[PDB]
Structures are given as C-alpha cells and as structure tokens.
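Source file: query_6.cif (mmCIF, C-alpha atoms)
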```cif
data_protein
loop_
_atom_site.label_atom_id
_atom_site.label_comp_id
_atom_site.auth_asym_id
_atom_site.auth_seq_id
_atom_site.Cartn_x
_atom_site.Cartn_y
_atom_site.Cartn_z
CA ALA A 1 102.40 104.54 127.20
CA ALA A 2 99.39 103.22 129.13
CA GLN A 3 95.78 102.84 127.99
CA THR A 4 93.51 102.79 131.03
CA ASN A 5 90.24 100.86 130.76
CA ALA A 6 91.58 98.99 127.73
CA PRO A 7 89.80 95.94 126.34
CA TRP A 8 90.80 92.94 128.43
CA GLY A 9 92.80 91.50 125.53
CA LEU A 10 95.06 94.54 125.18
CA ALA A 11 95.73 94.55 128.92
CA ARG A 12 96.31 90.79 128.66
CA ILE A 13 99.17 90.94 126.13
CA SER A 14 100.83 93.60 128.32
CA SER A 15 100.59 91.66 131.61
CA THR A 16 101.79 88.37 133.07
CA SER A 17 98.45 88.04 134.89
CA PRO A 18 94.78 87.97 133.85
CA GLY A 19 92.21 90.42 135.14
CA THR A 20 94.01 93.71 134.60
CA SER A 21 92.51 96.58 132.61
CA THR A 22 95.50 98.75 131.61
CA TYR A 23 97.28 98.17 128.29
CA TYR A 24 100.96 99.10 128.66
CA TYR A 25 102.81 99.57 125.38
CA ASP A 26 105.76 101.45 123.94
CA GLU A 27 104.91 104.88 122.55
CA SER A 28 106.08 103.86 119.06
CA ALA A 29 102.91 101.75 118.87
CA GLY A 30 103.74 100.04 115.59
CA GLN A 31 104.56 103.28 113.76
CA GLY A 32 106.18 102.54 110.41
CA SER A 33 104.65 99.06 110.04
CA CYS A 34 101.84 97.92 107.75
CA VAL A 35 99.31 95.20 108.52
CA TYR A 36 97.26 93.77 105.67
CA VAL A 37 93.86 92.79 107.08
CA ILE A 38 92.70 89.97 104.79
CA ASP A 39 89.02 89.86 105.70
CA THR A 40 85.62 91.32 104.72
CA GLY A 41 87.30 94.72 104.21
CA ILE A 42 87.71 97.76 106.43
CA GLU A 43 85.48 100.75 107.15
CA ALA A 44 88.44 103.08 106.74
CA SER A 45 86.14 106.00 107.61
CA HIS A 46 85.78 104.75 111.19
CA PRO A 47 87.16 107.51 113.48
CA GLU A 48 89.00 104.88 115.53
CA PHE A 49 91.39 104.48 112.58
CA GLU A 50 92.18 108.22 112.19
CA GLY A 51 92.93 107.77 108.50
CA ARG A 52 95.52 105.03 109.06
CA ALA A 53 93.20 102.50 107.39
CA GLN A 54 92.50 102.22 103.67
CA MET A 55 91.07 99.61 101.33
CA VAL A 56 93.70 98.52 98.81
CA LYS A 57 91.92 95.60 97.10
CA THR A 58 88.50 93.99 96.90
CA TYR A 59 87.33 90.82 95.19
CA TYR A 60 83.65 91.78 95.18
CA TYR A 61 81.52 94.55 93.73
CA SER A 62 82.40 96.97 96.54
CA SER A 63 85.38 97.55 98.82
CA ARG A 64 82.97 98.29 101.68
CA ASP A 65 82.91 96.08 104.75
CA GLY A 66 79.23 95.22 104.67
CA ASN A 67 79.83 92.62 107.40
CA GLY A 68 81.87 94.15 110.24
CA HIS A 69 84.33 91.28 110.71
CA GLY A 70 87.19 92.91 108.81
CA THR A 71 86.53 96.29 110.43
CA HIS A 72 86.64 94.52 113.81
CA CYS A 73 89.94 92.69 113.30
CA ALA A 74 91.64 95.71 111.77
CA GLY A 75 90.40 97.47 114.89
CA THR A 76 92.17 94.98 117.14
CA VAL A 77 95.34 95.38 115.06
CA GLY A 78 95.67 99.15 115.08
CA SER A 79 92.58 101.10 116.03
CA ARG A 80 93.48 103.62 118.67
CA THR A 81 91.17 102.43 121.48
CA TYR A 82 90.91 98.71 120.64
CA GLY A 83 94.16 98.07 118.74
CA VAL A 84 97.51 96.58 119.69
CA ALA A 85 99.71 98.71 117.40
CA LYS A 86 97.78 102.01 117.64
CA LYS A 87 100.04 103.81 115.06
CA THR A 88 100.35 101.21 112.30
CA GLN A 89 99.10 101.31 108.72
CA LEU A 90 96.02 99.21 107.93
CA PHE A 91 95.47 97.94 104.38
CA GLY A 92 92.12 96.26 103.77
CA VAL A 93 92.11 93.24 101.47
CA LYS A 94 88.47 92.19 101.05
CA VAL A 95 88.56 88.51 100.12
CA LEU A 96 85.44 87.67 102.17
CA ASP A 97 82.04 88.80 100.96
CA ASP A 98 79.69 90.60 103.33
CA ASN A 99 78.55 87.17 104.55
CA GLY A 100 82.05 86.57 105.92
CA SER A 101 82.61 83.81 103.35
CA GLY A 102 84.75 83.43 100.25
CA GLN A 103 86.22 80.91 97.84
CA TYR A 104 89.70 79.42 98.23
CA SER A 105 90.76 80.77 94.82
CA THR A 106 89.79 84.26 96.03
CA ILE A 107 91.65 83.88 99.35
CA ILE A 108 94.77 82.61 97.56
CA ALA A 109 94.57 85.51 95.10
CA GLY A 110 94.27 87.97 97.99
CA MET A 111 97.39 86.51 99.59
CA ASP A 112 99.29 86.74 96.29
CA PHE A 113 98.11 90.34 95.91
CA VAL A 114 99.44 91.23 99.35
CA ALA A 115 102.75 89.58 98.44
CA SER A 116 103.06 91.95 95.47
CA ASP A 117 101.16 95.02 96.67
CA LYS A 118 103.53 95.48 99.63
CA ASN A 119 106.27 96.42 97.14
CA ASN A 120 104.16 99.52 96.41
CA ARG A 121 103.75 100.55 100.07
CA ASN A 122 105.93 102.41 102.60
CA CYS A 123 106.44 99.97 105.49
CA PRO A 124 110.03 100.58 106.65
CA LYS A 125 109.47 98.56 109.83
CA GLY A 126 108.03 95.54 107.99
CA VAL A 127 104.81 94.05 106.67
CA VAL A 128 102.30 91.98 108.64
CA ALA A 129 99.27 90.11 107.30
CA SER A 130 96.32 89.23 109.55
CA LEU A 131 94.15 86.38 108.27
CA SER A 132 90.93 86.07 110.29
CA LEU A 133 89.47 83.35 108.08
CA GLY A 134 89.92 79.69 107.22
CA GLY A 135 88.02 76.66 105.94
CA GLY A 136 89.10 73.04 105.71
CA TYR A 137 92.54 71.77 104.84
CA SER A 138 93.79 72.88 101.43
CA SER A 139 97.30 72.38 100.09
CA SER A 140 96.75 75.46 97.91
CA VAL A 141 95.58 77.78 100.70
CA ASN A 142 98.46 76.44 102.80
CA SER A 143 101.08 77.15 100.13
CA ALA A 144 99.63 80.60 99.41
CA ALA A 145 100.16 81.61 103.04
CA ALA A 146 103.66 80.13 102.89
CA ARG A 147 104.28 82.13 99.71
CA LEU A 148 103.07 85.30 101.44
CA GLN A 149 105.25 84.48 104.46
CA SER A 150 108.41 83.75 102.47
CA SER A 151 107.79 86.92 100.42
CA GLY A 152 108.68 88.89 103.56
CA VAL A 153 105.28 89.25 105.28
CA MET A 154 104.65 88.10 108.83
CA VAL A 155 101.52 86.00 108.35
CA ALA A 156 99.21 85.46 111.33
CA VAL A 157 96.34 83.01 110.79
CA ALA A 158 93.47 81.80 112.94
CA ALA A 159 93.61 78.26 114.29
CA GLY A 160 89.86 78.00 113.71
CA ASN A 161 86.76 77.82 115.90
CA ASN A 162 86.12 74.07 115.56
CA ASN A 163 87.43 72.86 118.97
CA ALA A 164 89.53 70.31 117.07
CA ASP A 165 93.10 69.82 115.93
CA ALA A 166 94.01 72.64 113.56
CA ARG A 167 95.97 70.37 111.20
CA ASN A 168 92.72 69.79 109.28
CA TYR A 169 92.28 73.49 108.48
CA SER A 170 93.85 76.05 106.14
CA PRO A 171 95.73 78.25 106.28
CA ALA A 172 95.85 77.23 109.95
CA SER A 173 97.86 74.06 109.28
CA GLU A 174 100.58 75.70 107.16
CA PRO A 175 103.74 75.22 109.27
CA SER A 176 105.63 78.39 108.33
CA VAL A 177 102.92 80.91 109.26
CA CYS A 178 101.84 81.89 112.77
CA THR A 179 98.79 79.82 113.74
CA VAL A 180 96.96 81.67 116.52
CA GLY A 181 94.61 80.08 119.01
CA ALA A 182 92.18 81.91 121.27
CA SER A 183 91.97 82.30 125.04
CA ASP A 184 89.45 83.97 127.36
CA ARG A 185 89.83 86.59 130.09
CA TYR A 186 90.56 83.96 132.77
CA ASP A 187 93.45 82.41 130.78
CA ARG A 188 91.37 79.42 129.73
CA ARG A 189 91.60 78.12 126.22
CA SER A 190 88.57 79.55 124.45
CA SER A 191 85.83 76.94 124.31
CA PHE A 192 85.83 77.13 120.50
CA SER A 193 89.58 77.47 119.93
CA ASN A 194 91.28 74.91 117.73
CA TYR A 195 94.44 73.35 119.14
CA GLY A 196 97.20 70.97 118.10
CA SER A 197 100.91 70.95 117.39
CA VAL A 198 100.68 73.34 114.43
CA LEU A 199 99.53 76.11 116.79
CA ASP A 200 102.29 78.59 117.57
CA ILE A 201 100.68 81.04 120.00
CA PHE A 202 97.43 81.89 121.80
CA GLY A 203 95.84 85.32 121.86
CA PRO A 204 92.83 86.94 123.54
CA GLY A 205 89.92 85.71 121.46
CA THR A 206 86.79 85.52 123.63
CA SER A 207 84.59 88.64 123.89
CA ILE A 208 87.03 90.93 122.07
CA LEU A 209 85.72 94.50 122.00
CA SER A 210 86.80 96.35 118.86
CA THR A 211 85.54 98.59 116.07
CA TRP A 212 82.47 97.71 114.01
CA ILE A 213 80.94 99.00 110.80
CA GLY A 214 78.81 102.12 111.05
CA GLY A 215 81.21 103.93 113.36
CA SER A 216 80.18 101.50 116.10
CA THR A 217 81.85 98.98 118.38
CA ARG A 218 81.12 95.31 119.01
CA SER A 219 82.39 92.54 121.27
CA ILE A 220 82.68 89.19 119.47
CA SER A 221 84.77 86.05 119.85
CA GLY A 222 86.75 83.62 117.73
CA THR A 223 90.29 82.65 116.90
CA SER A 224 89.61 85.25 114.20
CA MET A 225 89.76 87.76 117.08
CA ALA A 226 92.98 86.36 118.56
CA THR A 227 94.81 86.63 115.23
CA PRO A 228 94.77 90.47 115.02
CA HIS A 229 96.18 90.63 118.56
CA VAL A 230 99.21 88.67 117.35
CA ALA A 231 99.41 90.49 114.01
CA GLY A 232 99.35 93.82 115.83
CA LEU A 233 101.89 92.47 118.32
CA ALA A 234 104.22 91.43 115.49
CA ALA A 235 103.75 94.83 113.85
CA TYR A 236 104.43 96.51 117.20
CA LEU A 237 107.55 94.42 117.85
CA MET A 238 108.84 94.90 114.30
CA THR A 239 108.58 98.67 114.77
CA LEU A 240 110.77 98.25 117.87
CA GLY A 241 113.32 96.29 115.84
CA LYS A 242 112.98 93.38 118.27
CA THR A 243 112.13 90.90 115.50
CA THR A 244 111.69 90.55 111.74
CA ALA A 245 108.82 89.47 109.53
CA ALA A 246 110.43 86.03 109.23
CA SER A 247 111.20 85.61 112.96
CA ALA A 248 108.24 87.41 114.55
CA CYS A 249 106.24 84.24 115.23
CA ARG A 250 109.17 82.52 116.93
CA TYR A 251 109.99 85.69 118.88
CA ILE A 252 106.38 86.07 120.07
CA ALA A 253 106.49 82.40 121.09
CA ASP A 254 109.86 82.81 122.83
CA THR A 255 108.78 85.90 124.78
CA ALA A 256 105.27 84.60 125.47
CA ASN A 257 103.80 83.91 128.89
CA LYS A 258 104.37 80.16 129.22
CA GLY A 259 102.06 77.86 131.18
CA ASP A 260 99.41 80.46 132.05
CA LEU A 261 96.66 78.78 130.02
CA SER A 262 94.10 76.20 131.15
CA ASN A 263 92.54 73.39 129.10
CA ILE A 264 95.57 73.29 126.80
CA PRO A 265 95.41 69.76 125.34
CA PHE A 266 98.60 67.74 125.64
CA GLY A 267 100.82 68.47 122.64
CA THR A 268 99.61 72.02 122.01
CA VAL A 269 101.87 74.89 123.04
CA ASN A 270 100.92 76.79 126.19
CA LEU A 271 101.97 80.30 125.16
CA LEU A 272 99.99 83.53 125.59
CA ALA A 273 101.00 86.47 123.39
CA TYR A 274 102.88 88.98 125.54
CA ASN A 275 104.74 92.16 124.58
CA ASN A 276 107.12 92.22 127.59
CA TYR A 277 106.79 95.98 127.96
CA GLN A 278 108.81 97.61 130.74
CA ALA A 279 108.77 101.33 131.49
#
```
Structure encoded using structure tokens:
Amino acid sequence: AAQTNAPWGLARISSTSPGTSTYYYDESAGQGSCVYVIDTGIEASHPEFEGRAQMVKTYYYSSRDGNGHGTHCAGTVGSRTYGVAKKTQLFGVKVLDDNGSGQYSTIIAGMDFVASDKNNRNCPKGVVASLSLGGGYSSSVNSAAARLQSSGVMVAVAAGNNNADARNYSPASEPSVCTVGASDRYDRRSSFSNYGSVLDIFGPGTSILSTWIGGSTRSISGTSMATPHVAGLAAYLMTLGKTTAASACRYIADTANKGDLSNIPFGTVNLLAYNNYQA
C-alpha cells in the first residue's frame, strides 16, 4: 500500500532518504495488534480512528483526553491518515491529566494495568505500549516499564525533550525497553531530543502532524511524537511476524537506516526507524 501526501514522518520510516511524501507500507497495516497509548487518553470518537480506538482505563475523573497529547500520539500509532499501523487496535490508558502531567505512582499503576489488562484483549499479533511521557530518573518508573516489557508487551518510551543524556530520565533510562529519540525532516537530531547510550532508535519527532482532540489535527514536536512512530512500527512488524514483543526493539534497530542522522553525539546510536517495505 502507498499513502500519498503522508506526513513527513510516515514517509520517512518507509524511505532510506529524507524529503519524500509517500508512506509505503504493507496492506496488513498492523491488523491484529494492539497498542496501549499510555498518555492523556484518546478521543476514540475521532473519525481518523474509525472505531479502532477505545479508552480502557483512566486515573482521573474522566476518560476524556482534555489535552490532545494522547489523541495525537495514538493518531501517529494507528490513525488512518497520520498513523504507522493504520489497522491496529488502540487502547487508551489515561495516566496523564489534561495538563499532560501525572504522578509516578499513577504512571507505574498504568503500566501495571496494561500488563494485566492485555490478558483480557484480543491481540493475536502481539501487544505494544507507547509511552509519550517521562520525568526524572526513577528506579520505580524504570522497573515498571521493565515489568510491562517482560510481561510480553513491546514498550516504546520517549528519550525526553531535555537535550541531555537520557540516563537521567524515566522510563527513558530503563535498559530493556525501547528508548526513542526524535529527528526532524532533514535527518537532523531534533534540537530537543535527548541522546545517550540508553537510546535504542530515533523516530520522526519534529513537527509531527497527527490527530487532535475535537476531531481536529495538529502538528507538534517532541520525543513524545517519535515514540508512537516506533510503537506503530513495532505493531506493524509484529503483525507481519517479522519480530516479537521481546525482540521488536532490537529488530527495529537492526533494520534501521544507519548513519543517516546529523548531530548524533558520540556514543549515541545513529539509527532511524525504517520498515524496509518492498513491493
């Protein structure tokens, strides 16, 4: 399949070169996979989800995404214009309030919920979790993500927007999850993107157009935007049987475009998420 006029990030993970506009992907498009979007929630009613999104848990008075951030990242995962895996299942886990913030104890609880709730879902191709969040280093937030990962969920986390080494940030610094950095449309490291040795992969993260609350769209930026690209990629590749929940990060790093990225500080991997689609 081929999406013409795709967002630059979708066309980026389907090409070895920047500047294209067509997103080439396999027609399976992540069908049979589930991606938990651990964020401010999802506006499941957004027509770009076509009823493949639903809120499964909230930690606040409402399950509504009164912020937009969770609706945006779920959009990059599997919305049908702005999503990587345009046929996947989207489960909203609202651990962030409508200010895009939330306590560590709430984030940990949301990760432990996803670890258990997935045993109630129908995800024959595997379970992915997209974590567009992250404060400072926490051994507890780190080990919650590791728990979620070892429970059989491919965990993708944002490196953080602090232009620093990600080892001082959670769940970014947890070794066993997929720590995603951000890049821009000219294959530069995003100006805000965290780096370091804990990073596993870079995704399109600057000026990412995707769904927004109120049936709208919005272009924003952050490693929080690069994470859904990788989560959707993992979900898409798991549907194809190319990898597993436990291997998907290594596979995406093995099959990534190596060396294409500028301003990659010495010691940080130079890998751009790439789906290696051939027709």
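Between residue 228 in chain A and the candidates A:271, A:261, A:172, A:10, the tightest atom-to-atom separation, counting all atoms listed in the file, involves A:10.
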Q) Using only C-alpha atoms, which of A:36, A:266, A:8, A:169 sits nearest residue 77 in chain A? A) A:36
Q: Would you mind telling me which residue in A:20, A:151, A:116, A:101 lies nearest to residue 56 in chain A when using all atoms listed in the file?
A: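 Nearest candidate to residue 56 in chain A out of A:20, A:151, A:116, A:101: A:116.
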Q: Might you spell out which residues the PyMOL selection byres ((chain A and resi 23-29) around 10) would select in the displayed file, as an NGL selection string?
A: :A and (1-15 or 20-22 or 30-33 or 78 or 80 or 82-88 or 232-233 or 235-237 or 239-240 or 275-279)
Q. Could you write out as a PyMOL selection string the residues that the PyMOL selection byres ((chain A and resi 58-71) around 6) matches in the shown file?
A. chain A and resi 39-43+57+72-74+93-95+98+212-213
Residue contacts of residue 200 in chain A (7 Å, only C-alpha atoms) excluding same-chain residues fewer than 2 positions away, as an mmCIF file with C-alpha atoms, in the frame of the given file:
```cif
data_model
loop_
_atom_site.group_PDB
_atom_site.id
_atom_site.type_symbol
_atom_site.label_atom_id
_atom_site.label_comp_id
_atom_site.auth_asym_id
_atom_site.auth_seq_id
_atom_site.Cartn_x
_atom_site.Cartn_y
_atom_site.Cartn_z
ATOM 1 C CA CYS A 178 101.840 81.890 112.770
ATOM 2 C CA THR A 179 98.790 79.820 113.740
ATOM 3 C CA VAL A 180 96.960 81.670 116.520
ATOM 4 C CA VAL A 198 100.680 73.340 114.430
ATOM 5 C CA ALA A 253 106.490 82.400 121.090
ATOM 6 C CA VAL A 269 101.870 74.890 123.040
#
```
Q. Rounded to one decimal in Å, what is the spacing between CA of residue 257 in chain A and CA of residue 16 in chain A?
A.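 Distance between the two atoms: 6.4 Å.
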Q) Could you spell out the hits of the PyMOL selection byres ((chain A and resi 258) around 12) on the shown file, as a list in words? A) residues 16, 17, 187, 200, 201, 202, 252, 253, 254, 255, 256, 257, 259, 260, 261, 262, 264, 268, 269, 270, 271, 272, 273 and 274 of chain A
Q: Could you check which of A:210, A:109, A:263, A:249 is closest to residue 182 in chain A, using all atoms listed in the file?
A: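 Among the listed residues, the smallest separation from residue 182 in chain A belongs to A:263.
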Q: For CA of residue 215 in chain A and CA of residue 37 in chain A, quote the distance in Å rounded to one decimal.
A: 18.0 Å
Q.
One number please: CA of residue 248 in chain A to CA of residue 133 in chain A, in Å, one decimal.
A.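 So the answer is 20.3 Å.
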Just need the box for range 11-15 of chain A, edges along x, y and z, holding every atom the file lists for it with 4 Å tacked onto each side, so centre and edge lengths in Å to one decimal, as lines of an AutoDock Vina configuration file.
```
center_x = 98.3
center_y = 92.7
center_z = 128.9
size_x = 13.1
size_y = 11.8
size_z = 13.5
```
Q) With all atoms listed in the file as the basis for distance, which of A:234, A:209, A:144, A:127 is at the shortest distance from residue 107 in chain A? A)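 So, comparing all the options, the nearest one is A:144.
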**Q.** For residue 137 in chain A: contacts at 12 Å, only C-alpha atoms, fewer than 5 positions along chain excluded, given as a PyMOL selection string
**A.** chain A and resi 104+142-143+159-160+165-174
Q | Counting all atoms listed in the file, the residue of A:105, A:18, A:35, A:138 that sits nearest residue 117 in chain A | A |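 Among the listed residues, A:35 lies closest to residue 117 in chain A.
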Q.
If we draw a sphere of 7 Å around (98.1, 91.0, 101.2), which residues have at least one atom in it when counting all atoms listed in the file? Please report them as a PyMOL selection string.
A. chain A and resi 36+38+93+110-115+117+129
Q | Spatial neighbours of residue 190 in chain A, max dist 7 Å, all atoms listed in the file, sep filter under 5 positions, as an NGL selection string | A | :A and (182-184 or 205-206)
